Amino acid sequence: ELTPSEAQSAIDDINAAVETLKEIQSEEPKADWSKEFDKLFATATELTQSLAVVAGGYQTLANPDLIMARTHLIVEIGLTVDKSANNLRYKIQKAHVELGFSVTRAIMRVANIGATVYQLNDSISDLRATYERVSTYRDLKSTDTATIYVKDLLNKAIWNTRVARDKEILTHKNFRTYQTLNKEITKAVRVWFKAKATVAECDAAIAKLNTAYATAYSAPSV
């Protein structure tokens, strides 16, 4: 009942979910949700290999309702982490602990050789229920300690500034212009490393970095 075409669509959906997850893992490596990403990716490989057997016209006796439930759950894990990364960045840490736990449980289940259709489908429901619940949690106060999600936004600004510095400032600007910008980058790096930095300190570091880059970009070329 699972046709080769349906099996290939499942493969494509799984691979798209895995690429989304790898990108987020690159940007937020210490995220609570990423504890078991290694197991998830290995399971995704086993799942697409089993699907590839069907897409290739060979016959496997692996249960189709189970393979598709695992497929739907991997897709859901991808969707959940993507929405969380994009929408929950300033939520209190409790939101991320709870959503990370839901993601971790879902990964453990999808990799579990004893998983049932009911359990996999219930994991999909739990990811959705957990996302909806923690979405209503309160936001961090600017005086709270920055979570790793806020620190990752600062890190992104640091790296964005380094990339732009090498392509636009070192290439065309004064040595003093380059060095001044590097000093401002260093100030942001220190905030990023300070374990007790507040949300406000991270937001201020981002804003100062953007102003420093603008100053350097507007400098006269030579």
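A residue's number is simply how far along the shown sequence it sits, counting from 1.
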Item checked: Mean C-alpha B-factor comparison - 129-137 and 71-79, higher one -> 129-137
Margin query: Quick check: 6-14 versus 208-216, which has the larger average CA B-factor in the record?
Written below: 208-216
Next item on the list: From the list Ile158, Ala164, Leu51, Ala42, select the residue with the highest C-alpha B factor recorded in the entry.
Entry: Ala164
Check: Which of these, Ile185, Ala55, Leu153, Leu170, has its C-alpha atom at the highest B-factor, as the entry lists it?
Finding: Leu170
Note to self: Ranking every modelled residue in this chain by its Cα temperature factor as given in the entry, which third contains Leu47?
What the structure shows: lowest
Checklist line | B-factor third for the C-alpha atom of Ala85 within its chain | finding: highest
Next item on the list: Please place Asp203 in the lowest, middle or highest third of its chain by C-alpha B factor as given in the entry.
Entry: lowest
